[PDB]
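In the text below, chain A, chain B and the rest are named by the order of the sequence lines, each starting its count at 1.
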Amino acid sequence: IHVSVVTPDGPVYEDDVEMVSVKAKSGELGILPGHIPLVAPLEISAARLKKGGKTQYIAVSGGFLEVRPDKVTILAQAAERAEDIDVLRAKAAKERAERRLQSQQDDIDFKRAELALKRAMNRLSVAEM
Amino acid sequence: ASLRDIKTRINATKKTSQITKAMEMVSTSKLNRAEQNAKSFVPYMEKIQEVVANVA
Amino acid sequence: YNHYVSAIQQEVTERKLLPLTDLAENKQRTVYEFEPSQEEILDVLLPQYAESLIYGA
């Protein structure tokens with residue numbers, strides 16, 4: 001039935017699939033349309049789902065599953081599509097360099113603008129009139 | 001005061017005004033981007049909130 | 001933190017993060033089966049809720 005995975009950064013995947021299988025911390029689970037309302041946390045694992053025309057590849061980190069007979073959703077703090085947990089950690093590590101570079105650039109732009117403003121104000125002040 | 005001093009002060013004030021206007025434009029663009037980022041967070045927050053509400 | 005009301009108005013806001021003394025009960029009010037025990041689900045769910053609140057702030 002309808003499935004969707006979302007993250008605090010935003011939605012990731014959205015489609016209607018009649019078979020989804022996930023690994024919960026207490027054991028394996030499998031969901032089909034008309035399933036009873038069930039809540040279970042998910043550890044670091046794939047989100048193997050079948051009937052999307054072909055076996056679709058979704059992997060999540062810090063997952064949390066909530067199921068409705070007509071709606072399926074899982075909440076993940078991080079998600080990717082290669083299903084290789086090494087790829088997930090690789091992406092997480094690679095994002096750190098981008099974050100540092102972005103923070104440094106944001107700081108330097110403001111510093112340059114502030115220097116320009118300081119010089120202009122100093123010129124205005126020394127022109128006391 | 002002297003005419004030249006007043007002219008110099010006017011030029012300096014014009015420069016400061018230009019710098020402040022540029023800063024304002026940059027801040028406006030960043031505010032728009034921040035609003036988009038904030039609105040991108042709603043679907044996760046509402047869902048987790050309702051799940052916590054009906055479970056706890 | 002400062003709460004964004006408008007371009008002119010920003011309001012300083014004091015929020016009690018946790019313990020969750022009160023919850024805004026939703027309008028639907030369903031019940032789910034728990035594959036773990038209820039506590040074994042809450043002890044994982046609640047910290048995520050707190051982190052989400054911090055991120056929204």
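Proximity of B/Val42 to B/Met45: side-chain heavy atoms (C-beta onward) are nowhere separated by under 4.5 Å. Between B/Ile10 and B/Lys14 the shortest side-chain heavy-atom distance falls below 4.5 Å. Two residues are said to be in side-chain contact when any heavy atoms from C-beta on lie closer than 4.5 Å; A/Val17 and A/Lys50 fail this criterion. Taking the side chain as every heavy atom from C-beta outward, A/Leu124 and B/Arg9 approach each other to under 4.5 Å. Inter-residue side-chain proximity for A/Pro11 and A/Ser4 is flagged as unmet; no heavy-atom pair is nearer than 4.5 Å. For the pair C/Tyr32 and A/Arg68, the minimum side-chain heavy-atom distance is below 4.5 Å.
Within 6.0 Å of CZ in A/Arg112 there are 12 or fewer heavy atoms belonging to other residues, nucleotides or ligands. Atom NZ of A/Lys91 is surrounded by more than 12 heavy atoms from other residues, nucleotides or ligands within 6.0 Å. The local environment of CG in C/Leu18 is crowded, with over 12 non-hydrogen atoms from other residues, nucleotides or ligands closer than 6.0 Å. For C/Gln28, the CD atom counts as densely surrounded, since its 6.0 Å shell holds more than 12 non-hydrogen atoms of other residues, nucleotides or ligands. The number of heavy-atom neighbours closer than 6.0 Å to NZ of B/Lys47, taken from other residues, nucleotides and ligands shown, is above 12. More than 12 heavy atoms of other residues, nucleotides or ligands lie within 6.0 Å of CG in C/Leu23, so this atom counts as buried by the packing criterion. Within a 6.0 Å sphere centred on CD of B/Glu46, heavy atoms belonging to other residues, nucleotides or ligands number more than 12. When the shell of 6.0 Å around CD of C/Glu39 is examined, it contains 12 or fewer heavy atoms from other residues, nucleotides or ligands.
Put simply, the side chain of A/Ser61 never gets that close to the backbone of A/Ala76: no donor and acceptor are under 3.5 Å apart.
Note on residues 79-90 of chain A: pairs passing side chain to side chain donor-acceptor pair (under 3.5 Å), not counting sequence neighbours, are A/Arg48-A/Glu83. The ring pair (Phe, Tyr, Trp, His ring centres under 6.0 Å) contacts involving residues 29-56 of chain B comprise B/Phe41-C/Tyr55, where partners must be two or more places apart or lie in separate chains. Screening residues 37-82 of chain A for ring pair (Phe, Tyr, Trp, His ring centres under 6.0 Å) gives no qualifying pairs among residues at least two apart or on separate chains.
A/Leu29 pairs in a side-chain contact (heavy atoms from CB on, under 4.5 Å) with only one of the listed residues (A/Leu38, A/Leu65, A/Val20), which is A/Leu38.
Both B/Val55 and C/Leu20 are part of a single hydrophobic cluster, where members link through side-chain heavy atoms under 4.5 Å apart.
With respect to the salt-bridge test (charged N to carboxylate O, under 4.0 angstrom), the residues B/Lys21 and B/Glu24 qualify. With respect to the salt-bridge test (charged N to carboxylate O, under 4.0 angstrom), the residues A/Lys25 and C/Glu40 do not qualify.
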CA sep, side-chain torsions, deciding dist, call: A/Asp109, A/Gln105, side-chain hydrogen bond (donor to acceptor under 3.5 Å, both in side chains): CA-CA 6 Å; A/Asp109 291 331; A/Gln105 295 297 109; 5.2 Å; no
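The nearest pair of heavy atoms linking A/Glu18 to A/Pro33 is O-CD, 3.2 Å.
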